[PDB]
S.K.: 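The structure follows.
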Amino acid sequence: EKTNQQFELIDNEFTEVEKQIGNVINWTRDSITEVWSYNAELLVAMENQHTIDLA
Amino acid sequence: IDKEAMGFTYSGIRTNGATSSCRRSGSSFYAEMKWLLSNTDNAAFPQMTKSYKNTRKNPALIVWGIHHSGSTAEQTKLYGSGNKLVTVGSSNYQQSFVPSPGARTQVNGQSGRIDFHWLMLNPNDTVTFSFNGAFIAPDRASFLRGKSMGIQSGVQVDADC
Amino acid sequence: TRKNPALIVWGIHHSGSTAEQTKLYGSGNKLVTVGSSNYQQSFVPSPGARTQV
Ligand SMILES: *[C@@H]1O[C@H](CO)[C@@H](O)[C@H](O)[C@H]1NC(C)=O
């Protein structure tokens, strides 16, 4: 079941943004990426314990 | 974008400023901006003031340009001698600009630059352009249409999936 | 002189005309310079007509 939250573009791949706002965006996106990489690896490992135990 | 004409009139100055960088059936300029000059070279430039009122029920994207000429013998050729100024005001905005001639590197064959600025005029507001030179005047104000999303890509567009 | 930062505030008047700036501060080119041990800027008034507020 997919999210309904639409995320738009705040960087620019062709003409680079200002450096101090280009580092706040880059620090924030790596922080959130650590959260969704932790939650994905936790959920898959937890539901593998539940799948094995229910069968 | 929904372009809406401003209806500016210009008394005693030239308007057909063109350049060799913008090739459109010869020498032309931007399609929605005017290059206000003097009547001939090294002539004077009168002090002007033009106004626009946003009558619609939506914010209006106003855009004007400031010409930074390549030399001090180039700024005086097209807007006369003296110190120039462009003043822009609104009910939520106030700034002012001054041209700064000087040589720099050749881009597209020229060493002059045009700085484009912008504001969003609120409904039933008024913008005012006091100028006496180096002003790339707007012609048509712009209005937004609705909601969309913009992407940057390098692959081809498909209308099947 | 106090042991805390002080919120200093000054204003710059941008008059409505060039016959208005000369009426209240005389003729010529004007300037306001503001300096500190951590700050340095300068300002120049810019007269001209705009909308009535
Ligand atoms: C932010 O990260 C991107 C990598 O996706 C990089 O191309 C860009 O230069 C970075 N921005 C800054 C200001 O370092």
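Both ligands and their constituent atoms are indexed starting at 1 by order of listing. Quick note on labels: first sequence line is chain A, next is B, and so on, each numbered from 1. The basis for the numbers below is simple: all heavy atoms, side chains too, and nothing from hydrogens, waters or symmetry mates.
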S.K.: Please work out which of the three classes, parallel, tilted or perpendicular, describes the rings of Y39(C) and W10(C), given edges at 30° and 60°.
M.R.: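 The rings of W10(C) and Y39(C) stand perpendicular, inter-plane angle above 60°.
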S.K.: Report, in ascending order of atom number, the atoms of ligand 1 lying under 4.0 Å from any heavy atom of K19(A).
M.R.: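 Counting atoms of ligand 1 from 1, those under 4.0 Å from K19(A) are 13 (C).
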S.K.: With a cut-off of 4.0 Å, which atoms of ligand 1 are near a heavy atom of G22(A)?
M.R.: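 The atoms of ligand 1 under 4.0 Å from a heavy atom of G22(A) are 11 (N), 12 (C), 13 (C).
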S.K.: From the options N23(A), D30(A), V24(A), select the one whose nearest heavy atom is closest to atom 14 (O) of ligand 1.
M.R.: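 Among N23(A), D30(A), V24(A), the closest heavy atom to atom 14 (O) of ligand 1 belongs to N23(A).
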S.K.: Any sub-3.5 Å donor-acceptor pair from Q21(C)'s side-chain atoms to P47(C)'s backbone N or O?
M.R.: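 The answer is no, because no donor-acceptor pair under 3.5 Å joins these two groups.
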S.K.: Does the protein put a heavy atom less than 4.0 Å from atom 7 (O) of ligand 1?
M.R.: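 Within 4.0 Å: no protein heavy atom nearby.
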S.K.: Would you compute the distance between atom OG of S91(B) and atom CG of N124(B) and round it to the nearest 0.5 angstrom?
M.R.: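 These two atoms lie 9.5 Å from each other.
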S.K.: Within this structure, what is the CG-CG distance for the pair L36(B) and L78(B), rounded to the nearest 0.5 Å?
M.R.: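 One finds 11.5 Å between CG of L36(B) and CG of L78(B).
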S.K.: Where is the nearest protein heavy atom to atom 1 (C) of ligand 1: which residue, which atom, and how far?
M.R.: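 For this ligand atom, the closest protein heavy atom is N26(A) ND2, 1.4 Å.
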S.K.: Would you say that more than 12 heavy atoms from the other residues, nucleotides or ligands in this model lie under 6.0 Å from the CD1 of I12(C), or not?
M.R.: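 Counting other residues, nucleotides and ligands, CD1 of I12(C) exceeds 12 neighbours.
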S.K.: Would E16(A) count as a contact residue for ligand 1, given that I'm defining contact as a non-hydrogen atom of the residue lying under 4.0 Å from a ligand atom?
M.R.: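 Under 4.0 Å: yes for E16(A).
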S.K.: Under 4.0 Å from atom 12 (C) of ligand 1, can you find at least one protein heavy atom?
M.R.: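 Flag for atom 12 (C) of ligand 1 set to true, protein heavy atom closer than 4.0 Å.
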S.K.: Any idea how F45(B) and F131(B) line up, ring-wise: parallel (<30°), tilted (30 to 60°), or perpendicular (>60°)?
M.R.: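 Ring orientation, 0 to 90° scale: tilted.
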